[PDB]
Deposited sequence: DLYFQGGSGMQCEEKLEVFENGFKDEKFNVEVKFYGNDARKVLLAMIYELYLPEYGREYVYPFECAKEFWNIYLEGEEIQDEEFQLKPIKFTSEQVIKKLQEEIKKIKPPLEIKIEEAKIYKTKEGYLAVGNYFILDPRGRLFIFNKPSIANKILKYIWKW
């Protein structure tokens, strides 16, 4: 589980709180924060997808609430539903990816060498058990490994 600052969030469902750079959902046990470039629309899409089953695809209240909180325009209709593992990545690539981590300044240790590395049309994607570094310069940290797929679905869209 990750650190979230009490003062800085907005309640958007019974057990969903949204924060400046993340959200914590205690119903679905999904916690994510991002560092580096803006990933707020990825987080919005994750919220929509989480609550879609309860709301239908019309008015997803928590998604509308989070959009108001972040002052972001994003139509639910835009939120809709795959890539190449590297068998061996050079120490040099690992080392340069580790330097991207330093530039991003995450609140915990990320060791790229523990990640699975993929080549995409935009550069390297590193998928860890508690983090993802994408080639758009965003580092996601999350509370359990299965959150990775929820992120991976939307990181190319925004």
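S.K.: Could you please spell out the deposited residue ranges that have no C-alpha entry in the coordinates?
M.R.: Hole in the chain trace, numbered from 1: 82-84.
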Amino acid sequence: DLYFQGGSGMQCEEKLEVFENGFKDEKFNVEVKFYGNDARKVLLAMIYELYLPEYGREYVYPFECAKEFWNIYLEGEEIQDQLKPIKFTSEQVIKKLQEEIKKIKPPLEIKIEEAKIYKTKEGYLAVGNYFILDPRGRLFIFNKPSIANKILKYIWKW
From here on, numbers count along this sequence of modelled residues.
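S.K.: Which of the two stretches, 27-35 or 55-63, shows the higher mean Cα temperature factor in the record?
M.R.: Taking the mean B-factor of the alpha carbons in each, 55-63 is higher.
S.K.: Could you settle it for me: does 131-139 or 7-15 have the higher average Cα B factor in the PDB entry?
M.R.: That would be 7-15.
S.K.: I151: which third of its chain by C-alpha temperature factor?
M.R.: Lowest third, going by the recorded CA B-factors of the chain.
S.K.: Sort the modelled residues of this chain by their C-alpha B factor and say whether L97 lands in the lowest, middle or highest third.
M.R.: Ranked within chain, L97 CA B lands in the middle tercile.
S.K.: When the deposited Cα B-factors of this chain's modelled residues are ordered and cut into thirds, is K119 in the lowest, the middle or the highest one?
M.R.: According to the entry, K119 has a C-alpha B-factor in the chain's highest third.
S.K.: For the chain shown, is the CA B-factor of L43 in the lowest, middle or highest third of its modelled residues?
M.R.: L43: CA B-factor falls in the lowest third of its chain.
S.K.: Please rank the C-alpha B-factors of the chain's modelled residues and tell me whether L50 sits in the lowest, middle or highest third.
M.R.: Lowest third of the chain for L50's C-alpha B-factor.
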